[PDB]
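Here's a solo chain for you in structure tokens, the form deposited in one PDB entry.
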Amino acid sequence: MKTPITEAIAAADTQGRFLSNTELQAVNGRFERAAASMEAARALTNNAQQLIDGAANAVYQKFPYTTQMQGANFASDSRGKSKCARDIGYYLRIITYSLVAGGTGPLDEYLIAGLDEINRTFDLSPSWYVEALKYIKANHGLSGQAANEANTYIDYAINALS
């Protein structure tokens, strides 16, 4: 919901002022990293299923009980594994949203808001998703500024879980 440009423009219109030079430089900085953020979003989108399966398997190997113990919260049956892949897809989709927007707005609204309440209500462990995000970070195949932006948002999500 929140992007840098929109917040700046709304505040300026409330005050009835032109945008300050600091605001202009912030928006210019967002635009200067926009091509790398676009490359990062394209990489994450085109390799989404491979990254999701790798991350889910990494969780399964770091937390083996999740594949052995019966119960709704775990991934013993195919339903639980599908739910796990779906959760990781949630994270990756909102990460691409934040990359496209060039800010933490999408992650703050669609994911982080109440995240701990969600994980505790359905007995989900945050370390699972931390490890899945570590896997996605270490396997996105990005280089340069695109890797920097992708890592920025992945680390943001990780910190939200931490």
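One-based numbering along the sequence shown. Think of the rigid core as the biggest set of C-alphas that the two forms share within 1.5 Å after superposition.
**Student:** Pick between 55 to 63 and 27 to 35: the one whose mean CA B-factor in the entry is higher.
**Tutor:** Per the deposited B-factors, the answer is 27 to 35.
**Student:** Quick one: say whether 145 to 153 or 18 to 26 has the higher mean Cα B-factor in the deposited entry.
**Tutor:** 18 to 26 has the higher mean C-alpha B-factor.
**Student:** Tell me which of 124, 94, 69, 41 tops the list for C-alpha B factor in the record.
**Tutor:** That would be 69, according to the entry.
**Student:** Compared with the other modelled residues in the chain, in which third is the CA B-factor of residue 86?
**Tutor:** Tercile = lowest for this residue's CA B-factor.
Beyond the structure shown, there is the form deposited in another entry, which is absent from this document and is the topic of what follows.
**Student:** Which residue of 139, 20, 152, 145 is the mover here, meaning its C-alpha shifts by 2 Å or more between the shown form and the other one once both are aligned on the rigid core?
**Tutor:** If I go through the list carefully, the shifting residue is 20.
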